[PDB]
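Working notes for the structure below.
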Amino acid sequence: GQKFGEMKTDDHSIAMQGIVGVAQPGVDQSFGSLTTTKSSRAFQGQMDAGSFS
Amino acid sequence: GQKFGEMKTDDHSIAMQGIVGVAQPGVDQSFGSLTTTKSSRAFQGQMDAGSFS
Amino acid sequence: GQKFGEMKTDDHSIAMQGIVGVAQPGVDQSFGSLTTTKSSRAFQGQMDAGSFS
Amino acid sequence: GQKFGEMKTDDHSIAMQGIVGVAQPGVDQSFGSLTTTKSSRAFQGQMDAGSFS
Amino acid sequence: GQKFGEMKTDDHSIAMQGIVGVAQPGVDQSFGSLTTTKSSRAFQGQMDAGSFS
């Protein structure tokens with residue numbers, strides 16, 4: 001499963017939490033805090049190659 | 001299952017919580033808080049490759 | 001699984017936490033803190049060659 | 001697995017932590033602190049030749 | 001595995017910690033501290049010939 005604490009996005013910031021996959025991952029994710037300001041981009045988790053492109 | 005605490009979206013912000021999949025995931029999700037301001041975009045959960053494209 | 005503490009991105013900074021792979025890794029990741037300022041770019045985790053290109 | 005303490009990037013600095021490989025490494029990584037200022041570039045971990053080029 | 005203490009890069013300095021190889025090394029690395037100033041370049045670890053060129 002995946003757990004999210006607090007994510008903050010300010011001014012056109014893009015943040016992604018979790019896993020994007022063709023298959024369903026069997027792993028656990030723990031997230032504390034993220035702060036994004038002034039149009040910043042953040043990735044938390046995992047990305048699959050097939051999903052990526 | 002999936003649990004949502006509090007998500008805040010201000011000024012044309014787009015936030016998605018959960019899993020978008022061709023199949024139904026058997027995982028649990030826990031979400032605390034999200035704050036999005038000034039048209040920011042956030043993803044919480046998982047995305048399937050087939051669903052993605 | 002993967003654990004994230006706190007990541008800070010200021011002013012168009014791009015930070016990626018986790019593993020991007022064609023396959024699902026069976027490893028654990030621990031992250032404390034990251035601070036990125038003035039459009040800086042950071043990578044935390046692992047990258048797969050197939051995913052990379 | 002890989003463990004990250006604290007990495008600081010100031011003013012367009014690029015820092016990479018972890019291993020970029022065609023294959024998934026079976027090694028553990030420990031990281032304390034990194035400070036990069038004035039557009040400096042740092043590598044922590046390992047790089048695979050296939051991934052490199 | 002590889003362990004990193006503290007590496008400092010000031011003013012466009014480039015520092016690399018770890019091993020860049022076509023194959024995955026089975027050795028342990030210990031790093032204390034590195035300070036690079038005024039655009040200095042440092043290498044810590046090992047480099048493979050195939051990876052090098």
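By order of appearance in the structure tokens: chains A, B, ..., then residues from 1 within every chain, and ligands from 1 in the order shown.
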
All Cα atoms, paired in order, least squares: that's the fit I need for chain A onto chain C, output as a compact mmCIF listing (two decimals) with N, CA, C and O atoms, in the first residue's frame.
```txt
# COMPACT_ATOMS: atom_id res chain seq x y z
N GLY A 1 10.30 -1.64 -0.29
CA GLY A 1 9.48 -0.41 -0.28
C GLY A 1 10.33 0.83 -0.26
O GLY A 1 11.56 0.75 -0.22
N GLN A 2 9.70 2.00 -0.29
CA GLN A 2 10.44 3.25 -0.30
C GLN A 2 9.83 4.23 0.70
O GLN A 2 8.61 4.40 0.77
N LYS A 3 10.70 4.86 1.48
CA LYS A 3 10.28 5.79 2.51
C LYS A 3 10.86 7.17 2.25
O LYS A 3 12.05 7.30 1.96
N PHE A 4 10.02 8.19 2.34
CA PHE A 4 10.45 9.55 2.09
C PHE A 4 10.22 10.41 3.33
O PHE A 4 9.12 10.40 3.89
N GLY A 5 11.25 11.13 3.75
CA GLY A 5 11.11 12.05 4.85
C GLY A 5 10.58 13.40 4.40
O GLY A 5 9.37 13.62 4.35
N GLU A 6 11.49 14.31 4.05
CA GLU A 6 11.08 15.63 3.59
C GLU A 6 11.96 16.11 2.44
O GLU A 6 13.19 16.15 2.54
N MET A 7 11.32 16.48 1.34
CA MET A 7 12.02 17.03 0.19
C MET A 7 11.50 18.43 -0.11
O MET A 7 10.29 18.66 -0.17
N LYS A 8 12.41 19.37 -0.26
CA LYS A 8 12.06 20.76 -0.51
C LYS A 8 12.58 21.20 -1.87
O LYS A 8 13.77 21.05 -2.16
N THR A 9 11.70 21.73 -2.70
CA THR A 9 12.09 22.25 -4.00
C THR A 9 11.66 23.70 -4.13
O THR A 9 10.46 24.01 -4.06
N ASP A 10 12.62 24.60 -4.31
CA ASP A 10 12.33 26.02 -4.42
C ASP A 10 12.76 26.57 -5.78
O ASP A 10 13.86 26.28 -6.25
N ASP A 11 11.88 27.35 -6.39
CA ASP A 11 12.17 28.07 -7.63
C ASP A 11 12.54 27.13 -8.77
O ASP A 11 13.70 27.03 -9.14
N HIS A 12 11.54 26.44 -9.30
CA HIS A 12 11.70 25.65 -10.53
C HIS A 12 12.76 24.57 -10.37
O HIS A 12 13.56 24.32 -11.28
N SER A 13 12.78 23.93 -9.21
CA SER A 13 13.70 22.83 -8.97
C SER A 13 13.00 21.50 -9.23
O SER A 13 11.80 21.36 -8.98
N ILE A 14 13.74 20.54 -9.75
CA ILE A 14 13.17 19.25 -10.09
C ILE A 14 13.87 18.15 -9.30
O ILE A 14 15.08 17.97 -9.41
N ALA A 15 13.10 17.43 -8.50
CA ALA A 15 13.65 16.37 -7.69
C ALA A 15 12.84 15.09 -7.86
O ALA A 15 11.61 15.11 -7.83
N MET A 16 13.53 13.98 -8.04
CA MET A 16 12.88 12.70 -8.24
C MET A 16 13.32 11.71 -7.17
O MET A 16 14.52 11.53 -6.96
N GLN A 17 12.36 11.11 -6.49
CA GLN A 17 12.65 10.12 -5.47
C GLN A 17 12.05 8.77 -5.86
O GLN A 17 10.85 8.67 -6.12
N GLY A 18 12.88 7.75 -5.87
CA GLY A 18 12.40 6.42 -6.12
C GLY A 18 13.16 5.75 -7.24
O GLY A 18 14.25 6.18 -7.61
N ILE A 19 12.60 4.68 -7.78
CA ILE A 19 13.25 3.95 -8.84
C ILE A 19 12.38 3.91 -10.08
O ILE A 19 11.19 3.60 -10.00
N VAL A 20 12.95 4.26 -11.22
CA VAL A 20 12.25 4.13 -12.48
C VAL A 20 12.83 2.95 -13.26
O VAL A 20 13.97 2.99 -13.72
N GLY A 21 12.04 1.89 -13.37
CA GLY A 21 12.52 0.68 -13.98
C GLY A 21 11.49 -0.01 -14.84
O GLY A 21 10.29 0.17 -14.65
N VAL A 22 11.96 -0.79 -15.80
CA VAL A 22 11.10 -1.65 -16.59
C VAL A 22 10.56 -2.79 -15.72
O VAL A 22 9.47 -3.32 -15.96
N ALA A 23 11.35 -3.17 -14.73
CA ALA A 23 10.96 -4.20 -13.78
C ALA A 23 10.77 -3.60 -12.40
O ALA A 23 11.29 -2.51 -12.12
N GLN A 24 10.04 -4.29 -11.54
CA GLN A 24 9.77 -3.81 -10.19
C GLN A 24 10.86 -4.27 -9.23
O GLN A 24 10.98 -5.46 -8.94
N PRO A 25 11.68 -3.33 -8.73
CA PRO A 25 12.78 -3.64 -7.81
C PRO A 25 12.30 -4.19 -6.47
O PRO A 25 11.23 -3.83 -5.97
N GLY A 26 13.11 -5.07 -5.89
CA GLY A 26 12.79 -5.64 -4.59
C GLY A 26 13.74 -5.15 -3.52
O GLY A 26 14.35 -5.94 -2.80
N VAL A 27 13.86 -3.83 -3.42
CA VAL A 27 14.79 -3.21 -2.49
C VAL A 27 14.08 -2.13 -1.67
O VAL A 27 13.02 -1.64 -2.05
N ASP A 28 14.67 -1.79 -0.53
CA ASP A 28 14.11 -0.75 0.33
C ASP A 28 14.94 0.52 0.25
O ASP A 28 16.17 0.48 0.20
N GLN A 29 14.24 1.64 0.26
CA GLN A 29 14.88 2.94 0.15
C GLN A 29 14.51 3.81 1.35
O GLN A 29 13.35 3.86 1.75
N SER A 30 15.50 4.48 1.92
CA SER A 30 15.26 5.39 3.02
C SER A 30 15.78 6.78 2.66
O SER A 30 16.92 6.93 2.22
N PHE A 31 14.93 7.78 2.83
CA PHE A 31 15.29 9.14 2.49
C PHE A 31 15.04 10.07 3.67
O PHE A 31 13.97 10.05 4.28
N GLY A 32 16.05 10.88 4.00
CA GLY A 32 15.92 11.85 5.06
C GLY A 32 15.40 13.19 4.57
O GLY A 32 14.20 13.45 4.60
N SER A 33 16.30 14.06 4.12
CA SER A 33 15.90 15.38 3.66
C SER A 33 16.69 15.83 2.43
O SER A 33 17.86 15.51 2.26
N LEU A 34 16.00 16.56 1.55
CA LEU A 34 16.60 17.17 0.38
C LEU A 34 16.15 18.62 0.28
O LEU A 34 14.97 18.91 0.43
N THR A 35 17.08 19.52 0.05
CA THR A 35 16.72 20.90 -0.20
C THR A 35 17.32 21.37 -1.53
O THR A 35 18.54 21.35 -1.72
N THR A 36 16.45 21.76 -2.44
CA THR A 36 16.87 22.24 -3.75
C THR A 36 16.41 23.68 -3.94
O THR A 36 15.24 23.99 -3.74
N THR A 37 17.33 24.56 -4.31
CA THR A 37 16.99 25.96 -4.49
C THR A 37 17.51 26.49 -5.82
O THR A 37 18.47 25.95 -6.38
N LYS A 38 16.85 27.52 -6.34
CA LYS A 38 17.32 28.24 -7.52
C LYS A 38 17.44 27.31 -8.73
O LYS A 38 18.48 27.27 -9.39
N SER A 39 16.38 26.56 -8.98
CA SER A 39 16.29 25.68 -10.14
C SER A 39 17.42 24.65 -10.15
O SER A 39 18.25 24.62 -11.05
N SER A 40 17.44 23.81 -9.12
CA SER A 40 18.41 22.73 -9.05
C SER A 40 17.71 21.40 -9.29
O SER A 40 16.50 21.28 -9.07
N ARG A 41 18.44 20.40 -9.77
CA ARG A 41 17.84 19.12 -10.10
C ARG A 41 18.52 18.00 -9.32
O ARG A 41 19.75 17.93 -9.25
N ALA A 42 17.71 17.13 -8.73
CA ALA A 42 18.23 16.07 -7.88
C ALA A 42 17.58 14.73 -8.20
O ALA A 42 16.40 14.66 -8.56
N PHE A 43 18.36 13.66 -8.08
CA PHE A 43 17.86 12.31 -8.26
C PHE A 43 18.15 11.47 -7.03
O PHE A 43 19.28 11.42 -6.56
N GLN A 44 17.12 10.82 -6.49
CA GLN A 44 17.28 9.90 -5.38
C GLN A 44 16.68 8.55 -5.75
O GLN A 44 15.51 8.47 -6.11
N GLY A 45 17.48 7.50 -5.64
CA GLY A 45 16.99 6.17 -5.94
C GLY A 45 17.83 5.46 -6.98
O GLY A 45 19.06 5.49 -6.92
N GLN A 46 17.17 4.81 -7.93
CA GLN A 46 17.86 4.11 -9.00
C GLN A 46 17.16 4.35 -10.33
O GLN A 46 15.95 4.58 -10.38
N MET A 47 17.92 4.29 -11.41
CA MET A 47 17.36 4.42 -12.74
C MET A 47 17.77 3.24 -13.60
O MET A 47 18.93 2.83 -13.60
N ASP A 48 16.80 2.68 -14.31
CA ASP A 48 17.05 1.58 -15.23
C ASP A 48 17.48 2.11 -16.59
O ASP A 48 17.01 3.15 -17.03
N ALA A 49 18.37 1.37 -17.25
CA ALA A 49 18.92 1.77 -18.54
C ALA A 49 17.85 1.80 -19.62
O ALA A 49 17.84 2.70 -20.46
N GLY A 50 16.96 0.82 -19.60
CA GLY A 50 15.89 0.77 -20.56
C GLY A 50 14.93 1.92 -20.39
O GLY A 50 14.47 2.52 -21.36
N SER A 51 14.63 2.24 -19.14
CA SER A 51 13.77 3.35 -18.80
C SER A 51 14.44 4.68 -19.14
O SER A 51 13.80 5.61 -19.64
N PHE A 52 15.75 4.76 -18.87
CA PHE A 52 16.53 5.97 -19.10
C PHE A 52 16.50 6.37 -20.58
O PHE A 52 16.41 7.55 -20.91
N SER A 53 16.58 5.38 -21.47
CA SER A 53 16.52 5.64 -22.90
C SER A 53 15.79 4.50 -23.61
O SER A 53 14.57 4.64 -23.86
```

With DSSP run on the backbone, what are the alpha helix (DSSP H) residues within chain B? I'd like them as a compact mmCIF listing (two decimals) with N, CA, C and O atoms, in the first residue's frame.
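As written to disk, states.txt reads:
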```txt
# COMPACT_ATOMS: atom_id res chain seq x y z
N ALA B 49 -0.67 1.77 -16.82
CA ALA B 49 -0.13 2.15 -18.12
C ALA B 49 -1.20 2.14 -19.20
O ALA B 49 -1.23 3.02 -20.06
N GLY B 50 -2.08 1.14 -19.15
CA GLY B 50 -3.16 1.05 -20.12
C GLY B 50 -4.13 2.20 -19.97
O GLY B 50 -4.60 2.77 -20.95
N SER B 51 -4.42 2.54 -18.73
CA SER B 51 -5.30 3.66 -18.42
C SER B 51 -4.64 4.98 -18.79
O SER B 51 -5.30 5.90 -19.29
N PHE B 52 -3.34 5.08 -18.53
CA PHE B 52 -2.58 6.30 -18.79
C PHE B 52 -2.62 6.66 -20.27
O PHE B 52 -2.72 7.84 -20.63
```

Checklist entry - Per DSSP on the backbone, what are the strand (DSSP E or B) residues of chain B, as a VMD selection string? => result chain B and resid 2 to 9 14 to 20 29 to 36 41 to 48
